[PDB]
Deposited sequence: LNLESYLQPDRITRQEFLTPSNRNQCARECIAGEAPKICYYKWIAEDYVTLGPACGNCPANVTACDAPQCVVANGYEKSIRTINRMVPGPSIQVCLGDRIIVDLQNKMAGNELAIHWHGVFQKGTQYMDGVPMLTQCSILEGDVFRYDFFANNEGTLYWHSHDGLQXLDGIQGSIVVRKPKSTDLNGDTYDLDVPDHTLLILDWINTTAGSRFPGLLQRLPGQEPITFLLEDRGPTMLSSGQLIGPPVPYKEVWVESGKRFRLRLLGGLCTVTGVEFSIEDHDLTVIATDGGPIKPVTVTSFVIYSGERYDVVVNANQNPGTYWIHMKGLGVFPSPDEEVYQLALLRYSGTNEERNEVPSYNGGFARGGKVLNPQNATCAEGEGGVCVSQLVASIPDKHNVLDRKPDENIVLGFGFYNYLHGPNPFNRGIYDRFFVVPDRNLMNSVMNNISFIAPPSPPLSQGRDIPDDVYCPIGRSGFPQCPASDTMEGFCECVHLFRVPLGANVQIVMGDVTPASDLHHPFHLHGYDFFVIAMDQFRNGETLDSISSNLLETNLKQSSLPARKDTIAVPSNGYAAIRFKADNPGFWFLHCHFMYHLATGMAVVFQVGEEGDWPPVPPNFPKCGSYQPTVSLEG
């Protein structure tokens, strides 16, 4: 093949999508039964900047902000990491069955790189999952790595660096795997599903991500965002709406009177901060969760966290003009006057309405209507909330998962070891991992008192090069345990190929209203249950009851890949383990992953997944025996 003939552009206009000039363009309205395409992407990862030479007089000159290598963000100048000099990076807009080939060049000084295709199952292409020391060796600076896989699962998916903290510096973007409108289970719910309506909600900091790890005890503890962006832009505001940054223009989202639009909204949030999304005078018809179609539900707002995606339909049926889109930050902020939020503008074709009054932090449009994914799972009879556990999947259970007692039942108590609650770990010749949170506690993350650390080679390709003693030992229970306030080891669960697996995850050291969003690679899962703990009620007691009763909160739960566990609560998930390999399960909050809030599931045995590709990069420690 001449790969260059399949090269896709970084950006597609709505008109190019609707009436493509090139037969090789992958961003298209898919045609049922049409041959799949090869979609080739050439990506360069660089050290780059916000504003700077590509941005001219942005944002005094608003047009300059739209230059194709200009990154505006909130208009605060800082170092960033970019794919192809854009944040978000290029969108991969394709059709179910298309082949995705990405040539990824690492040009970042001193940095290693790997990109994970979040929500893509990678069955038969496990080597492309993009996890350093799990599915591959990271890409060294000066090298290129060719990702090659099929878009064999539908929906709004996601891509980001899975290597250190690079995501929050700007290495992230969207993947949309469209179906033909006539075969999408919810194709009747909308008229248009256009690329410019694939919208990442970003959190943003005015430092690099690395400045916040371990974090700066006195002058800037913790990893809180200062603002959000919708796609590439948004100005920094106080709670009042008063600007405390350059007047970066609000993102515009264009609709047309009398038409229904599919908005594909992504949780491009890397901090612990949730977002409650609402639109002035426009209800949201929710049609998919993490790419998985649901029976439509109409709400006035939804809550989204790191790694989640929600597809909502906006019916442009209001008086044509300009309406406010409100992104309310959910977390603990420095002060009531410094609460984090962002705005955007829903604009009707044919109108040029200027809105005078900027809404405040508390000026959102949830208007006592129903909230999807509400904080603390407040969705009981009469509470005005819908939990993701109460949704109904469009696609029935194909594999007798809901209607059999799970074969494997795993309990994960996630949380923190607080060093201030034990002997001083500093100034005594040891090197314990820590991060500084906003209240100045010194934390390391744990799962069942184990802080995850990586093996020295990816087990998917180099299992035989890895010493057995790196993995947490298996106790008499049949579960991993420590070989102290915590231990560190490669926290690995083995399950047989084809097992029905239930996982119960509990917030065992609750803090700061955190809703930790747990994400499983290689799969989607049914959401079985979620709620807050009652005093006296153990994670073990809940797990045992759910196993013995087979209780679910829906007769056919939604499938998700990322689930935000209620503060001082739990979530239970269930899936059939029919995708062999090594699959990360971790908190999607980037600084929690970075401090060990993770485990791995090995599904099956070597020989169940495909053989190692020829010339696949190898890595490991180099420690030759010293003799005299």
* Stretches with no C-alpha atoms in the model, relative to the deposited sequence starting at 1 -> 484-488, 634-635
